[PDB]
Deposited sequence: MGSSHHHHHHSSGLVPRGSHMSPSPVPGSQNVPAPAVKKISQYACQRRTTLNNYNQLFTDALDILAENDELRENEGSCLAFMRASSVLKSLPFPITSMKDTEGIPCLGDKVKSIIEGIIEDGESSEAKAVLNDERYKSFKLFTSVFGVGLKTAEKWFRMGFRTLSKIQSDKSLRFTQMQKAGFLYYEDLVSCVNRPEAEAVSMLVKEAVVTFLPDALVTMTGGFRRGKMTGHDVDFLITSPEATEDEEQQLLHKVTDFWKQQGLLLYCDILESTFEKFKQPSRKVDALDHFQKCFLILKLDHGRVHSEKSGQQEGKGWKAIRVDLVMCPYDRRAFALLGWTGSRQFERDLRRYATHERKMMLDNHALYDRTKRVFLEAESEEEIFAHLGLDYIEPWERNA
């Protein structure tokens, strides 16, 4: 019996149901754009459970015993079995609002509100937006347009590794005992990503040293001429606050959203223009004692994290977020030195990072 929770499923990158899940992901994305949160969640849970299957669906009978497959979802699956296409997902792909929202939000610094504003102004192409003489752009959007082609091309593993080397070299210069871990999609085994994420932590750094590291590292890159964009969010972390109750938990750790200049000579790949590539990089600094909670939250996937927190609350009366694990019955915070200890506290079989592609 396949669990309704992604945290009780093993979801690897050999997806045998991409025909179904690509269509369900499009429908979920459209529901997000149309502000239909409920329908979005239902399509995400259905897509997630099919991604966990070790075999492709080839008949409606193959869907028996699978949870999170409501009547609307089963009609979509039936239609794809019929002629290899989803008429519902095809209509979303041809919808003018959907096309414009995908295109506009593909720019770094453009979210749902700005994409909606530009659509209602009559804009449909990035060329018309960039060349407009009346529009005013945020600093984030200016960087998004300046480095657009590099940011929309996928970051691959040789590029992610080259960025890891840069991050580690900069960090150990100021904190030699620091631990730097690549998180997100690449930690889950993905071949590509839209960015490269890292978790930094130091066992001996002070509260002030911990606060200053991201400022020191980004000033070092700024001096080197490698910092193309930088936004540092100061920590709002509270050592003794209960973890978040929210469906989508916020991360309160100090972090930075960057664009780095990655010189082609630093990339050891099988394969050239300007000789460098703009790469989105996120750095997160956390206190040493919370490193396993942060690693778990930043490794993802988003669906795996949502179900982990939902399982903790509904099944174990525990409160989990990126900073801590609190037991409401025992009235104690639970400590962990690894992700394995967090899973053990939750009464879950350990799911490897490459098995969290829910």
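Several segments of the deposited sequence have no coordinates for C-alpha: 1-38, 310-313, numbered from the first residue.
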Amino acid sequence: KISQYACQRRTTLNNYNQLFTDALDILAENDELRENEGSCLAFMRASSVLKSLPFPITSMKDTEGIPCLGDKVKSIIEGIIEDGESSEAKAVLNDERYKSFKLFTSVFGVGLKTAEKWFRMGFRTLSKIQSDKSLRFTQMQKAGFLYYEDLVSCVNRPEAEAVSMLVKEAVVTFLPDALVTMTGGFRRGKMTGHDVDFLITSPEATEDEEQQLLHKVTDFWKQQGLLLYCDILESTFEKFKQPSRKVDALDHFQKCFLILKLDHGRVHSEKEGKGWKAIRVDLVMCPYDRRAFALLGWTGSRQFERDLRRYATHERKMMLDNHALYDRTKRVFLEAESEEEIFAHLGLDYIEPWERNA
From here on, numbers count along this sequence of modelled residues.
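We call the rigid core whatever largest set of C-alpha positions still superposes within 1.5 Å between the two forms.
Here the rigid core sets the fit, and in 7 other deposited structures of this protein the C-alphas of 25-33 stray farther than those of the other stretch, out of 46-54 and 25-33.
At least a third of the other compared entries skip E272 while keeping the residues on either side. Here 50-58 and 64-72 are compared by their mean Cα B-factor, and 64-72 comes out higher. If you average the C-alpha B-factors over 187-195 and over 128-136, the higher value belongs to 128-136. In this entry, the residue among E159, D219, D282, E149 with the greatest C-alpha B factor is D219. Sorting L258, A278, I200, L175 by the CA temperature factor given in the entry leaves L175 at the top. In this PDB entry, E335 carries a Cα temperature factor that places it within the middle third of its chain's modelled residues. In the PDB entry, a CA B factor belonging to the lowest third of its chain's modelled residues is recorded for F123.
The PDB entry assigns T313 a C-alpha temperature factor belonging to the middle third of its chain's modelled residues.
Per-chain ranking of the deposited C-alpha B factor places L112 in the highest third. Per-chain ranking of the deposited C-alpha B factor places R45 in the middle third.
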